[PDB]
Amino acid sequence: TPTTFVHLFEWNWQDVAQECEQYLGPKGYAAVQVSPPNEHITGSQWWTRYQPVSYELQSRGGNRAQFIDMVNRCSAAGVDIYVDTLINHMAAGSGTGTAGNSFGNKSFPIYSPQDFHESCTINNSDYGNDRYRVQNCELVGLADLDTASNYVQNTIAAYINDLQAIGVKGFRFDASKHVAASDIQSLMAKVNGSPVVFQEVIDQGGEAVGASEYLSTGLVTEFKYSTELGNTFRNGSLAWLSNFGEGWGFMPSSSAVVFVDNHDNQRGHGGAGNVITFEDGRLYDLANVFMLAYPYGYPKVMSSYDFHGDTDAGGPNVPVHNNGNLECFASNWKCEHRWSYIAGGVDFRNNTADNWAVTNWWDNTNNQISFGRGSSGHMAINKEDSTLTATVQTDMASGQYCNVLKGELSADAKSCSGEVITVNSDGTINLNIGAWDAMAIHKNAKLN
């Protein structure tokens, strides 16, 4: 059963379509969050995607036909498409867009200067004491749309409904904190049906505008998750994670979208150095295994490119599927969604979705933990310097199981491609996990 989505950051439509068919579908990912498909400013930086010019489907990712082709091919493969939608602003300054349209002085093909709030700057101190400025002033110079206007609402709603008509199943509302929750409620009343909607709201406490204000209009990004998980894995004890979630003051599990890192915080926007990313290698593997095994929120796996320390740089100059070879794992696309520990975690989550309880939690008071998901699965992480050899209790049927983080069950269920884990007649497992390693087993990866 589908439980996890992935952000194919800066991936073009051709690459996404092929990825859906060859990997995402077969591996069980539920959906793909794509980069903004609408017309945006010209330029090679990744952030040009966040400065809209119009709603025509011609962007760095491809043209309208290629976009439609991608939705169709992914849909047939069993994978949904979530579109990153810009509901708060339009591009700053003047220029030309990716579909040839010009703009300048708050004049665009679809908006006039009167469709925006009067210009003012959002200062850092405004976040803590002035909700009016946070929602009516400009985010880093971006023209702030009058989201209370019936015209503006109809225009954004037409775009969303158009995308639904061609097959899009979900939407990410970018910069939601900068738009009054009541404006979003009014916008949603114009949207057909009930697509999956998740709102980007960064709230780590002490904001004049809180994440809780957006719970009635859809799911909300829980940034406390990314930050605390990173902080605990680097500077704390994994044993503290026994009550992770609402117990730590996070929003309701059923309303949260979580992640180890996202495209912004892996670049220092909305997250400090404690955020764990692909650069951390094995540490990133372990952080993902915890997130995917733990029953809190709707997770999304990050899929990045090596930016070589340049936080403004756009993606690689080569496609992922290049003349027969995969441009993954090296200095171009990282493809974390293909890393064995991460893909194995997704498999574990997909196969334990019938039991959302954390059962039989065990820890060594520090960096060795193990817990189950009833009789559906069990896992363990060793982040100490010595082997984890403890005997832990499970609710699983005795037998042989493939450690899904390191391999998988063959078609005839006669063998695994990686190590085998044995569940004893009394439900116990005599662990044998080396330093900075883990194991995960589930009821549907049992040897015959």
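Counting begins at 1, following the sequence as shown. Take the two forms, superpose them, and find the largest set of C-alpha atoms that agree within 1.5 Å; that set is the rigid core.
Asks: Comparing 272 to 280 with 218 to 226, which has C-alphas lying farther from the shown form in 4 other deposited structures of this protein once the core is aligned?
Replies: Clearly, after the core fit, the stretch farther away in 4 other deposited structures of this protein is 272 to 280.
Asks: Taking only the CA atoms, which stretch has the higher mean B-factor in the record, 5 to 13 or 21 to 29?
Replies: Comparing 5 to 13 with 21 to 29, the higher mean C-alpha B-factor belongs to 21 to 29.
Asks: Looking only at CA atoms, which has the higher mean B factor in the entry: 184 to 192 or 290 to 298?
Replies: Higher of the two, by average CA B-factor, is 184 to 192.
Asks: Highest Cα B-factor in the PDB entry belongs to which of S226, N366, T96, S255?
Replies: Highest C-alpha B-factor among the listed residues goes to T96.
Asks: If you compare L388, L409, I421, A380, which has the highest Cα B-factor in the entry?
Replies: The record points to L409.
Asks: Taking the chain's C-alpha temperature factors as the reference, tell me which third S370 falls into: lowest, middle or highest.
Replies: Ranked within chain, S370 CA B lands in the lowest tercile.
Asks: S35's Cα B-factor: lowest, middle or highest third of the chain?
Replies: As the PDB entry reports it, the C-alpha B-factor of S35 lands in the lowest third of its chain.
Asks: Please say which third, lowest, middle or highest, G43 falls into when its CA temperature factor is compared across its chain.
Replies: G43: CA B-factor falls in the highest third of its chain.
Asks: What third of its chain's C-alpha B-factors does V168 belong to: lowest, middle or highest?
Replies: Tercile = middle for this residue's CA B-factor.
Asks: Is the Cα B-factor recorded for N129 in the lowest, middle or highest third of its chain?
Replies: It belongs to the highest third of the chain when residues are ordered by C-alpha B-factor.
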